[PDB]
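1. begin with these chain(s), straight out of the complex:
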Amino acid sequence: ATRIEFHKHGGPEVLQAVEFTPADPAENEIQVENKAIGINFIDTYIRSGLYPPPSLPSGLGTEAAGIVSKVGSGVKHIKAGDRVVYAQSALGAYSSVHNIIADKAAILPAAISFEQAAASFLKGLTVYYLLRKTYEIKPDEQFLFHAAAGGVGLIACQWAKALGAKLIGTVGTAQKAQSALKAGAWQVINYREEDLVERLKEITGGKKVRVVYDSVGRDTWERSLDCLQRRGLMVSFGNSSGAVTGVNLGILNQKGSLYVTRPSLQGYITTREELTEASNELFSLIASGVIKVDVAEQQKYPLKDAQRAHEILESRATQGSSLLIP
């Protein structure tokens, strides 16, 4: 089998393809021959050292879809031959064969392809807990969502529309703005050209917003707090431009007795029952075509070109999801 691994932290150039022989699964694991592998921004945090792995050398990626080749002795709910997707495996999904704790994998419905599954499983579960659990978005509600033409962004646009809500997205270029509107964003502010705070006040009739979903981190921190109503909720869930550090809590007071939370998938999708309820929702929305997750051909890369996938992702030149094909 082939897997990608890195022996030191650094830029995309530290990623290296290496041959190996997969071990049989533990009693509570299943072995999967990967058909499509998801790329996620957290993959770059781990590679660069912002999030250090358990140890080096290390594999990468926790998301992939494929066919179960073998099953551990204790595994009862899954069998060889089944089609599955997973978003939370031990590091190493950037591989042609990976072993995964069986409670973390979901059985893929026939209507959903491996490429569709790996393009949207981790990101869709994220959109689901963000809009339904962290804060419950209601019909007609206007709210802000950063980086709206990205992997998570484009899914967020479609889910918000399906909910009948009014997502105001931010994007870095004019073409991203169009993709976001096409996906379902009510209005879009280009935060590299416009004045985000003033446009947001204009768009909301001066009322501002009750919740801000911000994955960009460092660059938008202050601007996002300024788009919030008294006692509003700031959801910091990404570090795309850098982590948010050095904050004085007094600022939450000054800005209006605001709330802030910094969630992760692990904090919300913890049991098999949770993974199941969320997958059922997600899968039904993709199968019914309410959420489109097809991937641009230019954004599909051979597994061995994991390095080019990262350079491209980091350069901000993508829209929607990317994939690695084993």
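-> In hand now; what should we look at? Numbering: from 1, shown residues only, chains lettered A, B, ... in the order given.

2. now stretch A:134-145: buried residues?
-> A:134-135, A:137, A:141-145 (16 or more other Cβ atoms under 10 Å). C-beta coordinates here come from the backbone N, C-alpha and C atoms, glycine included.

3. may I have it as CSV, with CA atoms only?
-> What follows is stretch A:134-145, C-alpha atoms only, in CSV (Å, rounded to 0.1, in the frame of the first residue of the first chain):
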residue,chain,number,x,y,z
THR,A,134,-23.5,25.2,18.6
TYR,A,135,-26.3,27.8,17.8
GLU,A,136,-29.6,26.9,16.3
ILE,A,137,-30.1,28.9,13.1
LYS,A,138,-33.8,29.8,12.4
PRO,A,139,-35.8,30.6,9.2
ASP,A,140,-35.1,34.2,7.9
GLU,A,141,-32.3,34.7,10.4
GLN,A,142,-29.4,36.7,9.0
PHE,A,143,-25.9,35.7,10.2
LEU,A,144,-22.3,36.0,9.0
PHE,A,145,-20.2,33.1,7.7
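
4. give me the contacts around the host helix or strand of residue A:308.
-> According to DSSP states H and E, residue A:308 maps onto helix A:306-314. By Cβ atoms under 8 Å, 6 or more residues apart in numbering, the residues outside helix A:306-314 that reach it are A:4, A:12-13, A:15, A:17, A:39, A:41, A:43-44, A:47, A:60, A:94, A:299, A:301, A:318, A:322, A:324.

5. repeat that with 6 Å
-> By Cβ atoms under 6 Å, 6 or more residues apart in numbering, the surrounding residues in contact with helix A:306-314 are A:4, A:12, A:15, A:39, A:44, A:94, A:301, A:322.

6. isn't the last one up against residue A:38?
-> No - taking contacts as Cβ atoms under 6 Å, residue A:322 lies outside contact range of residue A:38: 8.0 Å.

7. which of those two has more neighbours?
-> Applying other Cβ atoms under 10 Å to residue A:322 and residue A:38 shows that residue A:38 carries more neighbours, namely 29 against 23.

8. dihedrals phi and psi, that one?
-> phi -80, psi 150 (degrees, to the nearest 10).

9. I'd assumed residue A:89 was in contact with residue A:121.
-> No - the pair residue A:121 / residue A:89 is not scored as a contact, 11.2 Å apart, by Cβ under 6 Å.

10. can you put the buried residues of stretch A:134-145 in CSV and add secondary structure?
-> Output for those, formatted as CSV (DSSP: H, G, I helix; E, B strand; the rest coil):
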residue, secondary structure
A:134, helix
A:135, coil
A:137, coil
A:141, coil
A:142, strand
A:143, strand
A:144, strand
A:145, strand
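
11. thinking again about what came up before, buried set for the helix holding residue A:308?
-> Applying 16+ other Cβ under 10 Å to helix A:306-314 flags A:306-307, A:309-310, A:312-313 as buried.

12. after that helix comes which helix or strand?
-> strand A:323-325.

13. add chain B to the structure above:
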Amino acid sequence: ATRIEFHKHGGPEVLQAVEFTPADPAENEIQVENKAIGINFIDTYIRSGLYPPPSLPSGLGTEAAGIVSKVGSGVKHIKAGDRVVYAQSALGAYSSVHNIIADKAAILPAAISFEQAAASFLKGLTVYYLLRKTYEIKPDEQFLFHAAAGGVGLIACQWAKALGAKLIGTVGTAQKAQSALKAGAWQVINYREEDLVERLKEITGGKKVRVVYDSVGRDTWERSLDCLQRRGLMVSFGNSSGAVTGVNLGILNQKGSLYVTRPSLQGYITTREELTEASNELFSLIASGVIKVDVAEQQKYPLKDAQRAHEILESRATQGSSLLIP
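-> So that you can see how it sits with the rest, here is chain B on the chains above:
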């Protein structure tokens, strides 16, 4: 009239009594002959410069209770002779006569004395919003509340008890622990001698709590976060030992996808209607004896002794509220 004022930021010595002549109330103001003045930890942040005032020299205090001497034209709900309390005046309540924007004052029912009112208005309004709005405490709920024998603390112990909840308080001495338990704390932890986190887990049988109310700030930040369940709420509402600065938001993820808020009274009691709602609930509790707010005779100081009152407050040698008497 006599008022306390300071010409430069510093410790308690910076405060001085000066005679002055009261300006007539503005149109929307009422002039009050103060009978009892409140002491609040925030007064020290302003004096020390942590919360710098509009300009120097500056007056101090925003809480007092008294009799209305002269009403402004425009003022229609308060009449001369009315007894009132306020918690949100402009800086300067440390005075025998003060002008206050009428919307900030509430009529003080006869059964409640001026000392009782100035001992509990700002602090009682605070406990009301913290336990009823910032997070709604339920019957039988276990939660952590720091500095439980202080001004806000002793009122919190009593209200929590009235709510049927289980407040777990932290105090600095064994004597404060007895006071808190008598006031109504379910259990108390001496955070100067014990391991707060281990004691909290013990008391909760490993479950931990869903909410932590923390007015101490700097010293207890990391420990408070360690006392929370997944997705719990950290309410940082004070800076007794210093502001909480230099935070990296990743800590909220790391500790369990937590929420944090830094509220202030002005973020919650914003209109006359909100003030009336809160104050009616507080007044009934005091009138019925559910919340006792009688101040220790050694914690009543002459107005000119503002310096001593501050020294003593900062030394941690007080329990419950303190009053300045003009």
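
14. again for the contacts of helix A:306-314, chain B present now?
-> A:4, A:12, A:15, A:39, A:44, A:94, A:301, A:322 (Cβ atoms under 6 Å, 6 or more residues apart in numbering or on different chains).

15. and of those, the nearest to residue A:166?
-> residue A:322 (28.1 Å; Cβ to Cβ).

16. tell me who's in contact with that closest one.
-> Contacts of residue A:322 (Cβ under 6 Å, 6+ apart): A:39, A:299, A:309.

17. what about it, distance to chain B?
-> Plainly put, residue A:322 is 24 Å away from chain B if you go by Cβ to the nearest Cβ, to the nearest Å.

18. coming back round to it: distance to residue A:222 and secondary structure added to the contacts of helix A:306-314, as CSV?
-> What follows is the contacts of helix A:306-314, written out as CSV (distance: Cβ to Cβ, whole Å; DSSP: H, G, I helix; E, B strand; the rest coil):
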residue, distance to residue A:222, secondary structure
A:4, 37, strand
A:12, 30, helix
A:15, 34, coil
A:39, 30, coil
A:44, 24, helix
A:94, 35, coil
A:301, 36, strand
A:322, 30, coil
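
19. among the residues you listed, name the buried ones.
-> Buried residues within the contacts of helix A:306-314, counting neighbours by 16 or more other Cβ atoms under 10 Å in any protein chain shown: A:4, A:12, A:15, A:39, A:44, A:94, A:301, A:322.

20. okay, now the nearest residue to residue A:155 once chain neighbours are set aside: neighbour count?
-> Nearest residue to residue A:155, sequence neighbours excluded (Cβ to Cβ, 6 or more residues apart in numbering or on different chains): residue A:127, at 4.8 Å. Using other Cβ atoms under 10 Å in any protein chain shown, residue A:127 has 26 other residues around it.

21. can you name the helix or strand that residue A:127 falls in?
-> Following DSSP H and E, one finds residue A:127 within helix A:114-129.

22. can you list contacts of stretch A:277-296?
-> Here stretch A:277-296 makes contact (Cβ under 6 Å, 6+ apart) with A:106, A:109, A:111-112, A:116, A:119-120, A:124-125, A:128, A:158, A:162, A:321, A:323.

23. one more pass at 8 Å, please.
-> Identification of contacts with stretch A:277-296 by Cβ atoms under 8 Å, 6 or more residues apart in numbering or on different chains yields A:106, A:108-109, A:111-112, A:115-116, A:119-121, A:124-125, A:128-129, A:155, A:158-159, A:162, A:183, A:269, A:319-323.

24. CA atoms of it as PDB?
-> Taking Å, rounded to 0.1, in the frame of the first residue of the first chain, the C-alpha atoms of stretch A:277-296 are listed here in PDB:
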ATOM      1  CA  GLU A 277     -28.100  11.000  13.700                       C
ATOM      2  CA  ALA A 278     -25.800  13.500  11.900                       C
ATOM      3  CA  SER A 279     -25.000  11.200   9.000                       C
ATOM      4  CA  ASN A 280     -28.600  10.500   8.400                       C
ATOM      5  CA  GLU A 281     -29.300  14.200   8.100                       C
ATOM      6  CA  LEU A 282     -26.300  14.900   5.800                       C
ATOM      7  CA  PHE A 283     -26.800  11.900   3.600                       C
ATOM      8  CA  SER A 284     -30.400  12.600   3.000                       C
ATOM      9  CA  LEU A 285     -29.600  16.100   1.900                       C
ATOM     10  CA  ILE A 286     -26.900  15.000  -0.600                       C
ATOM     11  CA  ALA A 287     -29.000  12.100  -2.000                       C
ATOM     12  CA  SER A 288     -31.900  14.400  -2.500                       C
ATOM     13  CA  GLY A 289     -29.700  16.900  -4.300                       C
ATOM     14  CA  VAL A 290     -30.300  19.700  -1.700                       C
ATOM     15  CA  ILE A 291     -26.600  19.900  -1.100                       C
ATOM     16  CA  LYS A 292     -24.300  19.400  -4.200                       C
ATOM     17  CA  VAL A 293     -20.800  18.200  -3.400                       C
ATOM     18  CA  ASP A 294     -19.300  17.400  -6.800                       C
ATOM     19  CA  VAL A 295     -15.600  18.300  -7.000                       C
ATOM     20  CA  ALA A 296     -13.800  20.300  -9.800                       C
END
